[PDB]
Amino acid sequence: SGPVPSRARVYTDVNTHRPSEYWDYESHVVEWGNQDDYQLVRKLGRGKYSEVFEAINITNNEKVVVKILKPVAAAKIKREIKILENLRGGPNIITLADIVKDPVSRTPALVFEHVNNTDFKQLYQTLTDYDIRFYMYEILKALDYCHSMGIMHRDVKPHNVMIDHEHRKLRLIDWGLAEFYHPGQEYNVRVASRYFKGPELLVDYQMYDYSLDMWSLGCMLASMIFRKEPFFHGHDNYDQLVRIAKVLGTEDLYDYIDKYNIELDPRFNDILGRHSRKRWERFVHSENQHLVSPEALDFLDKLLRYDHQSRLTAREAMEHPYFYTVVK
Ligand SMILES: Nc1ncnc2c1ncn2[C@@H]1O[C@H](COP(=O)(O)OP(=O)(O)O)[C@@H](O)[C@H]1O
Ligand SMILES: NCc1ccc(-c2ccccc2O)c(Cl)c1
Ligand SMILES: NCc1ccc(-c2ccccc2O)c(Cl)c1
Ligand SMILES: [Mg+2]
Ligand SMILES: [Mg+2]
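For full-length UniProt numbering, count along the sequence shown from 1 and bump the result up by 1.
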């Protein structure tokens, strides 16, 4: 009885054929740099987990970004550091330049390469059909890379993707929620922002994998091409599932939970209803027609699936006709 187990269909074995030192983040010894090499210039902002500053590395006069971590479990801090070090040099992965102890917070401060990012609210309004495909391809390079390195990002969304549009430079940042994929491991479902949450998280299916990032990628794509921000606009985690079911339909949702022997929360009884799966051309109108194409719709169809096992992997997504027009 209970949930039917699941494994990723790709990169299942990456972490077992690597030394324990690679994925065992708890045993990692942090090599501390010197906080005096960095001078804070301006606060970019503060979120739930960190305060971020633009800074200058006074040893080479280069612009950097300093992420001062708020106190959390020491395990969560070493996980971020180990993943960043393991992924360093990878295509479109942010470079971790240093780790210092901030004198004021008494917490680790991660120093990154600076990316001159255009805010989401501005790029969202100007990206062309061509630019969207180009940037989606750059994201897929980062995701196939971290997945092939046995890591799932788990927080893919626009504010975690830096774009320097003038230089067509993209970097996938914020590896604070990222984890090592271990076949059969039960993970915490309290990851990602509500609108980006995969069905596996919303139905409390813990044995998820890299394919969670493909759902989030699909949510970003739908919002962009259809001009509907966010695409699945739930008022809460339960309504989030209802919003998805109104597009993907209730019959495939029941096939998904029956395949994995998942039981819906009984509060879905008063709110879920019965919904047909909708054709993607329904979301097309005269204000988004220039961002949509049969290739974009077919690609979206293959990412936004309830069954995490049925979604395109990052490598398959890169082979899709949607990217044929992108100069490679
Ligand atoms: N390398 C960077 N270049 C430019 N801006 C950055 C960089 N790293 C972070 N930022 C900015 O700071 C914000 C917070 O960074 P992030 O790593 O996502 O922290 P958190 O885990 O607290 O969300 C980002 O959304 C972005 O606006
Ligand atoms: N201005 C530098 C700084 C000082 C204190 C904290 C801090 C430290 C502990 C708890 C919460 C916090 O905001 C942080 Cl993250 C940064
Ligand atoms: N933080 C800047 C940013 C990152 C990704 C995208 C993006 C790019 C391609 C497709 C969907 C997207 O949301 C945009 Cl519009 C802006
Ligand atoms: Mg972030
Ligand atoms: Mg984060």
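Backbone N, C-alpha and C define an ideal beta-carbon position, used for all residues, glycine too.
Exercise. With a Cβ-Cβ cutoff of 8 Å, do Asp103 and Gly34 count as a contact?
Worked result: On the sequence shown, residue 103 is found 102 positions in, with the first residue counted as 1. On the sequence shown, residue 34 is found 33 positions in, with the first residue counted as 1. No.
Exercise. Which class does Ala110 belong to by DSSP, given the choice of helix, strand or coil?
Worked result: Counting from 1 along the sequence shown, the entry for residue 110 is found at position 109. The answer is strand: DSSP assigns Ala110 an E or B state.
For this session: Let me know if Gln123 comes out buried or exposed under the rule of 16 or more other beta-carbons within 10 Å of its beta-carbon.
Result: Position 122 of the sequence shown, counted from the start, is the residue given in the question as residue 123. Looking at its Cβ environment, which holds fewer than 16 other Cβ atoms inside 10 Å, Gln123 is exposed.
For this session: Pull up the distance between the alpha-carbon of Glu252 and that of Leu305, whole angstroms please.
Result: Within the sequence shown, numbered from 1, the residue matching residue 252 stands at position 251. Within the sequence shown, numbered from 1, the residue matching residue 305 stands at position 304. For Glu252 and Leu305, the distance between alpha carbons rounds to 15 Å.
Problem set entry | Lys77 beta carbon less than 8 Å from that of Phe113 | As a working note, residue 113 is residue 112 in the sequence shown. As a working note, residue 77 is residue 76 in the sequence shown. The answer is no: Cβ separation not under 8 Å.
Problem set entry | Nonlocal neighbours in the same chain, by C-beta distance under 6 Å from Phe227, ignoring five residues either side | Locating residue 227 in the sequence shown gives position 226, counting from the first residue. Around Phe227: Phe284 and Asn289.
Exercise. Taking C-alpha atoms, which residue in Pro159, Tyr23, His148 and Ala110 lies nearest to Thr13?
Worked result: Translated into positions along the sequence shown, residue 13 becomes position 12. It is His148 whose Cα lies nearest to the Cα of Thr13.
Exercise. Is the beta carbon of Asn189 within less than 7 Å of some heavy atom of ligand 1?
Worked result: Within the sequence shown, the letter at position 188 stands for residue 189. Not under cutoff, so the answer is no.
Exercise. For the segment 216-293, which segments carrying the alpha helix (DSSP H) assignment without a break, of at least 4 residues, lie completely within its bounds, in sequence order?
Worked result: 238-249 and 251-260
Problem set entry | Inter-residue Cα distance where the pair is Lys44 and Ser287 | Working through the sequence shown from its first residue, we reach residue 44 at position 43. Working through the sequence shown from its first residue, we reach residue 287 at position 286. Distance between the alpha carbons of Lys44 and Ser287: 41 Å.
Exercise. Between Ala110, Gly151 and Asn58, which lies nearest to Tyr23 when the distance is taken from Cα to Cα?
Worked result: Taking the first residue of the sequence shown as 1, we reach residue 23 at position 22. Closest by alpha carbon: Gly151.
For this session: Specify which residues have a beta carbon nearer than 6 Å to any heavy atom of ligand 5, listing them in chain order.
Result: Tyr50, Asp156, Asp175, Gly177 and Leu178
Exercise. Pick from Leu173, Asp38, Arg275 and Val42: whose alpha carbon is nearest that of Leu88?
Worked result: Position 87 of the sequence shown, counted from the first residue, corresponds to residue 88. The shortest Cα separation from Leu88 among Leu173, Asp38, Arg275 and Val42 belongs to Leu173.
Problem set entry | Residue from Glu52, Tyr39, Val66 and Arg47 whose Cα sits closest to the Cα of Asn58 | Along the sequence shown, one-based indexing puts residue 58 at 57. The candidate whose alpha carbon is nearest that of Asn58 is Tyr39.
Problem set entry | Straight-line gap, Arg268 to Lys247 (C-alpha atoms, nearest Å) | As a working mapping, residue 268 is identified with position 267 in the sequence shown. As a working mapping, residue 247 is identified with position 246 in the sequence shown. One C-alpha to the other measures close to 17 Å.
Exercise. Mind listing, in chain order, the residues whose beta carbon lies closer than 7 Å to a non-hydrogen atom of ligand 2?
Worked result: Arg47, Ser51, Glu52, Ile69, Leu70, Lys71, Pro72, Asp103, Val105, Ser106 and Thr108
Exercise. Just to confirm, are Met319 and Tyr136 a CB contact at a threshold of 8 Å?
Worked result: The residue you call residue 319 lines up with position 318 of the sequence shown. The residue you call residue 136 lines up with position 135 of the sequence shown. It is not a contact, given that the beta carbons lie outside the stated cut-off.
Problem set entry | The beta strand (DSSP E) enclosing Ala98, as first and last residue numbers | The residue labelled residue 98 in the question sits at position 97 within the sequence shown. First-last of the beta strand (DSSP E) with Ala98: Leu97 to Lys102.
Exercise. So who's on the other strand from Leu124, going by DSSP bridges?
Worked result: Reading the sequence shown from its first residue, position 123 is the one you call residue 124. None; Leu124 has no bridge partner.
For this session: Tell whether a beta-carbon distance below 8 Å holds between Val31 and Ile82.
Result: In the sequence shown, residue 31 corresponds to position 30, counting from 1. In the sequence shown, residue 82 corresponds to position 81, counting from 1. Cβ distance < 8 Å, so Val31 and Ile82 count as in contact.
Problem set entry | Expected contact under 8 Å - CB spacing of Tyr206 and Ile263 to nearest Å | Within the sequence shown, numbered from 1, the residue matching residue 206 stands at position 205. Within the sequence shown, numbered from 1, the residue matching residue 263 stands at position 262. Correct: roughly 6 Å between the Cβ atoms.
Exercise. Taking 7 Å as the cut-off, does the CB of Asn93 come closer than this to any heavy atom belonging to ligand 4?
Worked result: The residue given as residue 93 occupies position 92 in the sequence shown. False, no ligand heavy atom lies under 7 Å from that Cβ.
For this session: Find out if the Cβ-Cβ distance for the pair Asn61, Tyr182 is shorter than 8 Å.
Result: Here residue 61 corresponds to residue number 60 of the sequence shown, with the count starting at 1. Here residue 182 corresponds to residue number 181 of the sequence shown, with the count starting at 1. The answer is no: Cβ separation not under 8 Å.
Problem set entry | Same chain, Cβ closer than 8 Å to residue 1, neighbours up to 5 away in sequence not counted | Only positions 2 to 329 of the chain appear in this structure, which leaves residue 1 out of reach.
For this session: Excluding the 5 residues preceding and the 5 following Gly250 in the sequence, name in chain order all residues of the same chain whose CB lies nearer than 6 Å to its CB.
Result: Stepping through the sequence shown from its first residue, residue 250 is reached at position 249. Here the set comprises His276, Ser277 and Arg278.
For this session: Can you tell me which of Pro109, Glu201, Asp156 and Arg195 puts its alpha carbon nearest to the alpha carbon of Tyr261?
Result: By 1-based counting over the sequence shown, the position of residue 261 is 260. The shortest C-alpha separation from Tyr261 is found at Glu201.
Exercise. Are there 16 or more other CB atoms within 10 angstroms of the CB of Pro72, so buried, or fewer, so exposed?
Worked result: To locate residue 72, count along the sequence shown from 1; it is residue 71. The residue is exposed, with fewer than 16 neighbouring Cβ atoms inside 10 Å.
Problem set entry | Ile164 versus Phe121, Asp214 and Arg134, residue with shortest Cα-Cα distance | On the sequence shown, position 163 is the one that residue 164 refers to. Of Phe121, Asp214 and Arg134, the residue nearest in Cα terms is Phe121.
Problem set entry | Buried versus exposed, by CB contacts within 10 Å (16 or more), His18 | Within the sequence shown, the letter at position 17 stands for residue 18. Looking at its Cβ environment, which holds fewer than 16 other Cβ atoms inside 10 Å, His18 is exposed.
Exercise. Quick one, are the C-beta atoms of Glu86 and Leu70 less than 8 Å apart?
Worked result: Here residue 86 refers to the residue found at position 85 of the sequence shown. Here residue 70 refers to the residue found at position 69 of the sequence shown. Taking 8 Å as the Cβ cut-off, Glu86 and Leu70 do not qualify as a contacting pair.
For this session: Determine the burial state of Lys329: buried for a count of at least 16 other Cβ atoms within 10 Å of its Cβ, exposed for fewer.
Result: As a first step, residue 329 must be located in the sequence shown, where it is residue number 328. Classification of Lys329: exposed, given that the 10 Å Cβ count is below 16.
Exercise. Mind checking whether the beta-carbon of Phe113 lies closer than 7 Å to any heavy atom of ligand 6?
Worked result: Within the structure as shown, ligand 6 is missing, the only ligands being ligand 1, ligand 2, ligand 3, ligand 4 and ligand 5.
Exercise. Can the beta-carbon of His321 be found less than 8 Å from the beta-carbon of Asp130?
Worked result: Residue 321 sits at position 320 when you count from the first residue of the sequence shown. Residue 130 sits at position 129 when you count from the first residue of the sequence shown. No, the pair does not count as a contact, with Cβ atoms beyond the cut-off.
Exercise. Which value, in whole angstroms, describes the spacing of the CA atoms of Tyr325 and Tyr188?
Worked result: Taking the first residue of the sequence shown as 1, we reach residue 325 at position 324. Taking the first residue of the sequence shown as 1, we reach residue 188 at position 187. Using only the alpha carbons, I get a separation of about 36 Å.
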